[PDB]
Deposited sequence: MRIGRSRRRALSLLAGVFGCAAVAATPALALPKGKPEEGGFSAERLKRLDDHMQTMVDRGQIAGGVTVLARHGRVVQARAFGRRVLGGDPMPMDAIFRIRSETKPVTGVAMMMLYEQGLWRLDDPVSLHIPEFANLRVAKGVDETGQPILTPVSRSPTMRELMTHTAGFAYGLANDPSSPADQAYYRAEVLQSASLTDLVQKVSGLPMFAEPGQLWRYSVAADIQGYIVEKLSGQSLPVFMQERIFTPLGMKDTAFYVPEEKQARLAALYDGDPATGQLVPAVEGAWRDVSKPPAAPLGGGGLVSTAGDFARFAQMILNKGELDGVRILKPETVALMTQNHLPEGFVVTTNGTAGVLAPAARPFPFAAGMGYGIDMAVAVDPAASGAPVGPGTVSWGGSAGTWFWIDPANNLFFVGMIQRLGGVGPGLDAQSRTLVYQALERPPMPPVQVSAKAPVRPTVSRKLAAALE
């Protein structure tokens, strides 16, 4: 459900694009993934859309409408939700987060540890700003790591921040737990977008899943995008795999039932809870290339999209993951400020992210194109495929000088 085209209509070599098909098929043959789905589009037309391998090992083939846990790739969708409330005048980037979340008046920061292993806690210099929350520079800790080296992360893990009974609970816990750092000091991947999801609930007066269905998924035609997979769509859900240590062979992932996508979550996570299809995500990506509109439906003003896809980071900062030199960070996505500085082939201003289950995307406004990759494989395989898909896509692209 985007117009199909020949590769040459998007400016691609058919022969060199086939090297991307071959590479995906090699990853299935060598048992690195069960299967996956890829969409490449330029000038609003699909140039390549391909399903590979199987939905489940020794099972049916991967359908193109397969449903995937996008994890941290949910993040930029929450960012679009926040920017809709921005256009309605409900929050400003210079606003203290404490105006929206009053309990954040009680924030404390972890300084050192004392002799008894407990963090030394100090009232925060000031409330983090909304721009810091949108850019992972607000000083919040991470929620999936038992790191004795990072006391703030260990406390979040121990308090079970990400498995709270509600977003109200999650945000009350964060208010009482130690921050990793004072706001504005460094970029560090955090629970910031899960806190953003609470602000959507509080400002919209609707639950996060309802607001996103009404303002994003319904208007853009994203039919299978949600915080769970209803019983009828379960047969299209791709299975999640990990590598057996010492065999390097595909094994069902064991991750705990809090992440289960069979039921509506109690605390829907704006940083990691969405499931989607390559086609639904392709529609979202085309809406960003079109600066806020798809098929006559406008969800954001063009200036608002332009503001999201710029680097909002101070001069100095280091984006340390994409799920490097010349990398910055906009509103809930990475921004390639100067890709040449790392010999990256994407155009300057390219936005991207990826999830822990292996999913990745990039949108390149300078080259009017996007790539959506969907697998369900934990570990380093996803990030390797991202880098290799970027190399093979730009080697197939033929531009004027």
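**Student:** Tell me, which runs of residues in the deposited sequence have no coordinates at all?
**Tutor:** Several stretches lack coordinates - namely 1 to 29, 353 to 366, 445 to 469, in sequence order.
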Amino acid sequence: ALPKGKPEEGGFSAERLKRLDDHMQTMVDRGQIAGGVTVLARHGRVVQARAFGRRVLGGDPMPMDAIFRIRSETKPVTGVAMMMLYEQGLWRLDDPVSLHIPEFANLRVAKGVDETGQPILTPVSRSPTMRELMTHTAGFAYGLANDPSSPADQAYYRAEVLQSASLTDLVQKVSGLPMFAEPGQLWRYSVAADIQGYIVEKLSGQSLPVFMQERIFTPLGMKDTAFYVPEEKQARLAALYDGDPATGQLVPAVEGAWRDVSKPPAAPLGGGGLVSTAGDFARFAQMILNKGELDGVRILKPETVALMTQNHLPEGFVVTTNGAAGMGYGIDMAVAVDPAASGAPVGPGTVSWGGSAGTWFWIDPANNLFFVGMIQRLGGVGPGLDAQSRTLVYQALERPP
From here on, numbers count along this sequence of modelled residues.
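**Student:** Averaging C-alpha B-factors over each stretch, which comes out higher, 131 to 139 or 110 to 118?
**Tutor:** Per the deposited B-factors, the answer is 110 to 118.
**Student:** Could you check the entry and say whether 145 to 153 or 284 to 292 has the higher mean CA B-factor?
**Tutor:** Stretch with the greater average CA B-factor: 145 to 153.
**Student:** Quiz for you: based on the deposited Cα B-factor, which of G273, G176, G316, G279 is highest?
**Tutor:** Of the options given, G316 has the highest CA B-factor in the PDB entry.
**Student:** In this PDB entry, which of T78, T168, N311, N322 has the top CA B-factor?
**Tutor:** Each of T78, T168, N311, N322 was compared by C-alpha B-factor; the highest is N322.
**Student:** By its CA B factor, does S342 count among the lowest, middle or highest third of the modelled residues in the chain?
**Tutor:** Highest third, going by the recorded CA B-factors of the chain.
**Student:** C-alpha B factor of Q172, ranked within the chain: lowest, middle or highest third?
**Tutor:** It falls in the middle third of the chain.
**Student:** C-alpha B factor of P63, ranked within the chain: lowest, middle or highest third?
**Tutor:** According to the entry, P63 has a C-alpha B-factor in the chain's middle third.
**Student:** Sorting by Cα B-factor within the chain, modelled residues only, which third would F104 end up in: lowest, middle or highest?
**Tutor:** Middle third by C-alpha B-factor.
**Student:** Hey, what third does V37 fall into on Cα B-factor, ranked over its chain?
**Tutor:** For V37, the deposited C-alpha B-factor lands in the middle third.
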